[PDB]
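Line order of the protein sequences matches chains Am, Ag, Aj, Av, Ai, As, An and Ac.
Everything in the first sequence is counted per the entry's author numbering, starting at 7 for the first residue and increasing by one.
Everything in the second sequence is counted per the entry's author numbering, starting at 1 for the first residue and increasing by one.
Everything in the third sequence is counted per the entry's author numbering, starting at 6 for the first residue and increasing by one.
Everything in the fourth sequence is counted per the entry's author numbering, starting at 2 for the first residue and increasing by one.
Everything in the fifth sequence is counted per the entry's author numbering, starting at 6 for the first residue and increasing by one.
Everything in the sixth sequence is counted per the entry's author numbering, starting at 4 for the first residue and increasing by one.
Everything in the seventh sequence is counted per the entry's author numbering, starting at 2 for the first residue and increasing by one.
Everything in the eighth sequence is counted per the entry's author numbering, starting at 2 for the first residue and increasing by one.
The beta-carbon is built from N, C-alpha and C at its ideal position, and this holds for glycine as well.
Here is the structure we will look at.
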Amino acid sequence: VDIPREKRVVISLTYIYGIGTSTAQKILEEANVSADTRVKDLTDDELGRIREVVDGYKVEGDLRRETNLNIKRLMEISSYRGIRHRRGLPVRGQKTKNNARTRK
Amino acid sequence: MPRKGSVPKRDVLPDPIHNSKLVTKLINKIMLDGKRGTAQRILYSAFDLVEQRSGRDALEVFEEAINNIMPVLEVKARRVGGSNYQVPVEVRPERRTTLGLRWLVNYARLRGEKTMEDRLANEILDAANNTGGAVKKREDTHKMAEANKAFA
Amino acid sequence: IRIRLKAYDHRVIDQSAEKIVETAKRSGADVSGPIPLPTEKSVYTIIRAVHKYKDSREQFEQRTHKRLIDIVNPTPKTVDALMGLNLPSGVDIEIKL
Amino acid sequence: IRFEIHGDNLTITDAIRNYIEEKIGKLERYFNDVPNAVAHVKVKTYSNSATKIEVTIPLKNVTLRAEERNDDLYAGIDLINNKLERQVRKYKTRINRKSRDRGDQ
Amino acid sequence: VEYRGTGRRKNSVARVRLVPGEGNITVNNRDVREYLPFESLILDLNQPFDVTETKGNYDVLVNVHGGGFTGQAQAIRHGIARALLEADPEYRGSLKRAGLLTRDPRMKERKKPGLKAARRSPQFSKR
Amino acid sequence: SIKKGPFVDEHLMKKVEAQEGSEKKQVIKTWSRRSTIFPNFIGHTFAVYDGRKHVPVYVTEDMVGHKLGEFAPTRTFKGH
Amino acid sequence: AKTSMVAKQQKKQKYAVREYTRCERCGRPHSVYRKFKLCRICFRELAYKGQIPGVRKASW
Amino acid sequence: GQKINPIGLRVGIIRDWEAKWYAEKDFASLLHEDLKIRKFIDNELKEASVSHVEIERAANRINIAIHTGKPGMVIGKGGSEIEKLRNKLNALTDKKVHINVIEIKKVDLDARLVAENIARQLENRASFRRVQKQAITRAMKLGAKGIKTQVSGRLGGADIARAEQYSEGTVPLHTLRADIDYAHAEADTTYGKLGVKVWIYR
RNA sequence: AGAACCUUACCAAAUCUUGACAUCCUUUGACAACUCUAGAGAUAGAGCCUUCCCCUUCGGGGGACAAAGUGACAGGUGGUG
RNA sequence: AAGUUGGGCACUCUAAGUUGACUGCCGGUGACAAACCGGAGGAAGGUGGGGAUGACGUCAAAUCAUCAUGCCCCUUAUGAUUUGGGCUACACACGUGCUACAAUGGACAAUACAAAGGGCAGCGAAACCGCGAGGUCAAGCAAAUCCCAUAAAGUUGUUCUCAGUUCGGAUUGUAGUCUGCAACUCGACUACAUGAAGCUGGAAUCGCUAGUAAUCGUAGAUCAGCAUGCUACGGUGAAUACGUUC
């Protein structure tokens, strides 16, 4: 979709939302790509065969639409898993004393 | 026992390649975190670039480079209170050997390249040509201990 | 036949191994004598204080001394030491046949 | 210059928590001109006799202990700060004999 | 001719033998450079028969047991040193004065309780 | 908490099957900390005892992903 | 306080998850050894007194 | 300082065990049957000059050896109370076979007796320093070498507890050769508990 | 040297006072030694294995289960190192 | 195929019962006064290394919550009995550790070498079936043999190229794996997602004199389940002590 060039494709598809080290296996399954594909890859006939396998995935941005509403559903029921989002609470039953900083 | 007398200093084992005690002592100081092999391999690939950028064999070049590192005067602090408390004192031959090895490695770790493949060998040829960063702090000690010469 | 000799003390398991190697050679036996198995110790590390203090503790250990006796000439005179129960104080004997 | 206060079977108030820092705190702030330390105040009631106050301030070299066995927990600190201020002057004049005229050969 | 010596260092026993031939070691029935990791300490491992100069004389073919690579090495140079004094028994002073024939002098130190690990006391804040 | 037997309190399922037949009553005093929410629980109102005071709550249809105890708060936080 | 909890233990509970252990003479439950069933206080006591069988003191 | 008890150095080093059995499987439960009959023997005897007991277990014939500084009182009148003991000791466990008793000379040089008989000189509340000195002077008179004993708390009847020890003779507590025997009693005086330690040697 | 329950001593509830424990004990009433129902749940109500061993000759005493009892007593991780 | 099997090779090794290191033995100039200093003699040398052991005493030091008892207090309760909370809460503040902020590294392939300890329905192999956490039975066994268990760092090769990038992985939704009446308060992992602070840290401050600092992984006690803690274990292993004036 908006991937960068001049790097290897096993790390290049990671740059979008929704892919981490599945391009090593799952995108490598459907497409006949290799590991050493730089910017000089000629991935335009290979752009189509990755477009068929990425169309099944929720990855490119649209997963964050469903991820946002899952929190919005969770706070609307007002669950203890959901109040901890709206209140800076670590949510997954953690100790909210001194070393609980990344939620503030 | 540093107040019963002096500690008995112990023997080391010289290198097999250069047949030098001074090489093995350089291996032990670049040995970060007990890893003998992963540091000795780097020194064995940090004098080939020495022997590439100069035709001489590096066992001559090593003991020629450290002579621009090893200082002849340093500062030992004597607790005189309101005085300068910085006495220029010459260097014992054991500390003369060690403190040159210390400056050679501690400024090899602060260069532009990341690999100590060539972090080390660049500073050696600088010390072989009496320049660089580990040479210029010897002159900084020779502008500090040689400025307060009123305590010979 | 593998008569198992294990005990807590070392002076007792050695003198009870001398009993079974003596009361078998008097009979028609061909005794492979006592060879010492390695001791299966176990360390227990309690803490010394009544209430509070770690960083000052007493370690405890208990050691079992294992030996074995085997014979390969079974006569009814050799098993008279097997049926004849002696030194039952602090040694158990796991008699296998 | 914090005050880890804690009372053995006594409920600490907040009128004490301002009376401490004016006398135990401020009169030793101008001593120790490079300060970073923690104080410790014990208040131990004894129903048979009285209370007691223990103030310990550790420093780089020499600590600072004092005790009063009074029952008035406002008048006793008038004597703790007296014993504290005496002990700092012992510490400083120990190390303020740097001024010794020693001419080298 | 099999001059069979033993040798220990740092919780690693090493028994050797001496068949005549030339200098060639077969530690655990394989090559040394494919078993010992980086070939530096092997020329320090050849130090005991260096002073008796029996380089092209003896194949050894060690069976080593336990420890690590600097525990398997520095125990076969002590291994053949007990075997070199039944090859050259009058050359004992050549090995006594220089290194190999001393001992297994020292192993790891006991972890005392109330402490982090092996005489390194843990950090406390208030001095 | 395996696939095998998604857990129900089962001293509460017996008390809710009498409720869903005819017109429902709007209170079940219970504890319900152990049980999950599956679609035979919708509509009904439970007074979940949070340790202090049993709190009423009625079951919606988006509640099926979660379990019954996750709703009545026990912290009494608000504070600062 | 103490012997109510001793009486709670020795009865058979409803659940195998409860499975609760204390000591036979030590009231405390919190330092048991399931080969000895002794608290760390009296196991230190009756091994100094030798009432337990063969257990050395220390210094391996 | 924190002197540990002198028996604990020496159990097996220069001494032996007060229980000399073995059980690999079910070590726990039949260890409890020991201190069942270490409480129970100390219940009905009730200072019948008993120093200490020994337990040995072998093939459901479990032995009990008691020392009994006053011998015959546990026996009774020609095997009366010794048979009256096995009428209850064989019921608290299964077998309890071959109950017996041996005798000891020098009735108050074993330290269990020496601590106990002067701890019972404290309920009558009479002259604790002489209660000390009665034990010291009699000790090497009867054949001992080193004697040492103290009394710790509520000393004399006052409020503040004070230890009070009296000693002479070679008492090598740090030497591992030494056959040091100590004991601790629980003398109550109806104003707390007095604690009393002793130390005998040879 | 192992806080989901237990631990747990804390709190909110539901209900107990010879007390879930121990001891004299009296009639030793001699197992409510097991399932259904009602229940946050202990508990409550019924269905119930009415006994257990010896040794007399009569049906007692010893181990017999505790339904009731108090002269009593118990129980307190309540307090003050 | 390693059955380490046949024989027993018992030899070495290992595993356990005992012989030996003390200034015994010399030389100093060193005068006898013991030591010290330098040798040789054994494998070991100067209380060999380490552990255990902590004098008289100090601190009304710490526990009437391991226990035990003087005094005081409680007795329809300050004792009981249950499931349900809580001990896990948080704008914060100091202790102690873990993992890091990398190309003496990171990711993937190969390939080695340990010690200690556990296994009373417990350890559970080799096979399978799962991406994996793991499920199904038998193989062995109450154990120098059977299992936990292929230690890891290393070494060898291919890689990224010096950026908050293939550095790490905190935090949130998807697997419902397993233990357990039951994981919402309040567990343990792995699965694809998401990827935050963080570029070696100020004043200050702590540990450490050789198999020690440093690092790497493995065990056990608790325990149905659960440690970055604790206690033991080995692997690799520096630097530095001129000196007593502060």
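At a cut-off of 9 Å, the C-beta of Ag:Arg3 has no neighbouring C-beta in chain Ai. Out of Ac:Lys97, Ac:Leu90 and Ac:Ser128, the CA that lies nearest to the CA of Ac:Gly157 is found in Ac:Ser128. Less than 9 Å separates the beta-carbon of Av:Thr52 from that of Av:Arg70. Closest in C-alpha terms to As:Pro42, from the list As:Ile31, As:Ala21 and As:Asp65, comes As:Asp65. Note on the stretch 123-175 of chain Ac: whole beta strand (DSSP E) runs with a minimum of 3 residues are 147-152 and 165-169, in chain order.
In the DSSP assignment, the residues bridged to Aj:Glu99 are Aj:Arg9. Between the stretch 179-193 of chain Ac and the stretch 111-122 of chain Ac, the count of Cβ pairs shorter than 8 Å is three or higher; the stretches touch. Contact between Ac:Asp109 and Ac:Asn61 does not hold, since the beta-carbon distance rounds to 37 Å and is not under 8 Å. By the rule that beta-carbons nearer than 9 Å mark a contact, Aj:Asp14 touches chain Ac. Bridge partners of Am:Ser84 according to DSSP: none are assigned. Neighbours of Am:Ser85 in chain As, taken as residues whose beta carbon is under 7 Å from its own, are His69, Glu73 and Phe74 in chain order. If you ignore the 5 residues before and after An:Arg29, its C-beta comes within less than 6 Å of the C-beta of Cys40, all in its own chain and listed in chain order. Contact residues of the stretch 52-80 of chain Aj toward chain An are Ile52, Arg53, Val55, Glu63, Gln64, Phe65, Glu66, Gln67, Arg68 and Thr69 (C-beta to C-beta distance below 9 Å). At least one CB of chain Aj lies nearer than 9 Å to the CB of An:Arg45.
The Cβ atoms of Av:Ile2 and Av:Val42 lie no closer than 9 Å to each other.
Against chain Aj, the CB of Ai:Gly71 has no partner CB under 9 Å away; the residue lies outside that interface.
For Av:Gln88, the secondary structure class from DSSP, reduced to helix, strand or coil, is helix.
Within chain Aj, the residues whose beta carbon sits less than 9 Å from that of Ac:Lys21 are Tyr13, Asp14, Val17, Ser94 and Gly95, listed in sequence order. When Cβ-Cβ separations below 9 Å define contact, Ai:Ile47 makes contact with chain Ag. DSSP, read as helix, strand or coil, puts Ag:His142 in coil. Taking 9 Å as the threshold, the shortest C-beta distance from Ai:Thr75 to chain Ag falls below it. Secondary structure at Aj:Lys46: coil, using DSSP grouped into helix, strand and coil.
The beta carbon of An:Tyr49 falls within 9 Å of a beta carbon belonging to chain Ac, placing the residue at that interface. In this structure, Av:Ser50 sits away from Ag:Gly82, with a CB-CB distance that is not shorter than 9 Å.
At a cut-off of 9 Å between C-beta atoms, Ac:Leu10 counts as an interface residue with respect to chain An. Ag:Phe47 is the residue among Ag:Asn68, Ag:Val72 and Ag:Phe47 whose C-alpha sits nearest the C-alpha of Ag:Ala121. Using a Cβ-Cβ cut-off of 9 Å, Aj:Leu90 counts as an interface residue toward chain Ac, since at least one Cβ of chain Ac sits closer than that to its own. Shown here for Aj:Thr28: same chain residues with a beta carbon closer than 8 Å to its own, the five before and five after excluded, namely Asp85, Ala86, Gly89 and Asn91 in chain order.
When the five nearest sequence neighbours on each side are left out, the beta carbons in the same chain lying within less than 7 Å of the beta carbon of Aj:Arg9 are those of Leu73, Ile98 and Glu99, in order along the chain. With contacts defined by Cβ atoms closer than 9 Å, Ai:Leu23 and Ai:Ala88 form a contacting pair.
Here Ai:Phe129 is exposed: its Cβ has fewer than 16 other Cβ atoms, across all protein chains shown, within 10 Å.
Unbroken alpha helix (DSSP H) runs of no fewer than 4 residues, entirely contained in the stretch 46-110 of chain Am, are found at 51-60, 68-82 and 86-92, following chain order.
The C-beta of Ai:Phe43 comes closer than 9 Å to at least one C-beta of chain Ag. Sorting Ai:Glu7, Ai:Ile47 and Ai:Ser17 by C-alpha distance to the C-alpha of Ai:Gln77 places Ai:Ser17 at the top.
If the five residues before and after Ac:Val102 are omitted, its C-beta is found closer than 6 Å to the C-beta atoms of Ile67, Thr69 and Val75, all from its own chain and listed in chain order.
Excluding five sequence positions before and after Ai:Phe74, the CB atoms of its chain that fall closer than 7 Å to its own CB belong to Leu41 and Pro42, given in chain order.
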